[PDB]
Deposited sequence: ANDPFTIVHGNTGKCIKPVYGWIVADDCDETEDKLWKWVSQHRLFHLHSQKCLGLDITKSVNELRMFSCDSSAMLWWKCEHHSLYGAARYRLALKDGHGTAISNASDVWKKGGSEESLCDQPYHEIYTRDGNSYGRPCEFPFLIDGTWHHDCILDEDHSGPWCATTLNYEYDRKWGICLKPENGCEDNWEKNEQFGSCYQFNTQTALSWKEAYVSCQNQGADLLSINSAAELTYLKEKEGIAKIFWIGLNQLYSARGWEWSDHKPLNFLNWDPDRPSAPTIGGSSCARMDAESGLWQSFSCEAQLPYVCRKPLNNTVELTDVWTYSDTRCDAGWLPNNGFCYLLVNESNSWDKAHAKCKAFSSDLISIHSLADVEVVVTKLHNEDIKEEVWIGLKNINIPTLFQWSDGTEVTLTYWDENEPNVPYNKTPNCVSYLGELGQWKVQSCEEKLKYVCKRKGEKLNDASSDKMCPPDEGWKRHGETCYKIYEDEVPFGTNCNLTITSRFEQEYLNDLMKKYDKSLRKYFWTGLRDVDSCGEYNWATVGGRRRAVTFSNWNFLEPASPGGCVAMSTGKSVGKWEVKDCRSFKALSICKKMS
């Protein structure tokens, strides 16, 4: 994974370590010989001795001692609440300052310095470039000449830090250069001042789209997003990089519809008509680039391809007067024309209203047009300001305001090939957006100007209510019991969690709980009218319900109220 730590007994506060390969408790000193990291396959590596903690279960010996890490003893360890279990769920325990392994043991284990359980951080992989491994990640530990290395190696023999990528280096001799995170754009990166960002071109690599996402995320970067024709033309003419590589455009981690993994708006598009927005092969939810044609193809997320990372650099009201009929919101006014008409015609009517066609800049906005202006004919599309006239595509607002939010529906934005202008409408329960033929006579909306949540306390604005993410993973109820009242609040909660945890691994609490083990899930305090259960959920009774990001962003899953920890999202101002 990542960093060394010390293993601290709960009842004595003493740090375990091995002497002559046996586990004894000791007074935490500040040296090396009390340090452990996780290694691959769920092993605890004691750094000083180059041995892995293990448990011999042949016969009933249950001998708890150190082994070579390639040993065939039971070297795997998993956390259960606070205790650490291995084979058959024997738990790591202390007897008389001596390490044992016994059933239903009560001992408590926590990493010193901090006080989290031993499995609270997850195993970070480290991907490579170059070498002879086509990007495959390091296998820790690896063995060269009696020494078991737990991290990358600096040698005069290799360009920079390096690691073996199989479980048997001396035989397979398969290795690569470590892709670790950085500060400047040196040696591992490429400055490009025109775009304000550095580029990493992992040219001879074979990663799935998810492996690729993780390797840029670990480096403190993102998968490439292409935001402009200049950006696109740069990448097309670049020399010496892959002909086909992953980009961050994806329909996997979104609530629905295509998005940039880095959350930059999707307004510049360059779809290959052969593998477009609606994928030919059904279920292809990632997108690659063809640096020869310059086009973007939807593709199976599991294909092993090359990929490109990118990161930036860094620098050195209450209500609103509207004319009657119009709806006030922020400092703007909205009016929904029922008289269906085409796009250019609809634009012209809004100009004749001394307004323009609505530009939408927040889920808050989306919510007000869907729940306030209109509520019945959800099945009819409604025109929105957003339109392209270029090749490659570049949706823009009719009022020249910047494109911040692009709220595409599933398989949108579907641009036709070589066929401008391209207009955008909204339909469905959520106000989601699709591309449309500019002649369709739809209703439309005109937007015209009209007339405490401290940002230090941690608060973020979404209409009237304010939200806040408590940064520490904690048991249920600790900070609040959050009630999710509608599909719109869920949609805004997804944007929050997606923006907070680029790692895809944390969970966030809901207030929903089954207090008795009978089956009713109700908000720990409102009536559960809006549901958002994930597949095959609620799994079981007596639980506490959390959500995450990733494939199922925001979908509810029932956790064990006793052991499960998750971040707190809380709200006030009603």
Exercise. Quickly check which stretches of the deposited sequence aren't in the model, judged by C-alpha, and list them in order.
Key: 317 to 324, 460 to 468, 543 to 547
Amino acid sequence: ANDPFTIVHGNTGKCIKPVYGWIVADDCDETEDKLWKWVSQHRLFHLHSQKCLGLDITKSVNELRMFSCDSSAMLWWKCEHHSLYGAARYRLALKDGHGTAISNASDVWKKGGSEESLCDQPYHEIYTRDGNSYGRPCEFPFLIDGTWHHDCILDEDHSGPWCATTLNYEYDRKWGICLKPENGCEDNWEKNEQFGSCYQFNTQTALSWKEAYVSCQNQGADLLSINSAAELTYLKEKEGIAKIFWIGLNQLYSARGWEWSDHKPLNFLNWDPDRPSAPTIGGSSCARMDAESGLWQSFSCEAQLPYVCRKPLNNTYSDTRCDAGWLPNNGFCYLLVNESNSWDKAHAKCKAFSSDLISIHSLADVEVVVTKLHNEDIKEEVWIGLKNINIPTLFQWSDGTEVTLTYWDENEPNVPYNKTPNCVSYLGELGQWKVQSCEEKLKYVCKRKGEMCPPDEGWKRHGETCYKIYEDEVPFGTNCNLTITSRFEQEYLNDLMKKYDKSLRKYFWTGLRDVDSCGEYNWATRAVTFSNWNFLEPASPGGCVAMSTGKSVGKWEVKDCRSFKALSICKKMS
From here on, numbers count along this sequence of modelled residues.
Quiz item: For the stretches 99 to 107 and 292 to 300, which has the higher mean C-alpha B-factor as given in the deposited record?
Solution: 99 to 107
Self-check item: Given 552 to 560 and 11 to 19, the range whose Cα B-factors average higher in the PDB entry
Solution: 11 to 19
Practice problem: Go through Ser362, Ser359, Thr406, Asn188 one by one and give the residue whose Cα B-factor in the PDB entry is largest. | Solution: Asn188
Quiz item: Out of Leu430, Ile126, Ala352, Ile226, which shows the largest CA B-factor listed in the entry?
Solution: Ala352
Quiz item: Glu63: which third of its chain by C-alpha temperature factor?
Solution: middle
Exercise. State the tercile, meaning the lowest, middle or highest third, of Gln41 with respect to the CA B-factors recorded for its chain.
Key: lowest
Exercise. Would you mind ranking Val474 by its C-alpha B-factor against the rest of the chain and naming the third, lowest, middle or highest?
Key: middle
Self-check item: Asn494 CA temperature factor, ranked by third within the chain
Solution: lowest
Self-check item: Chain-wide C-alpha B factor ranking for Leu47, given as lowest, middle or highest third
Solution: middle
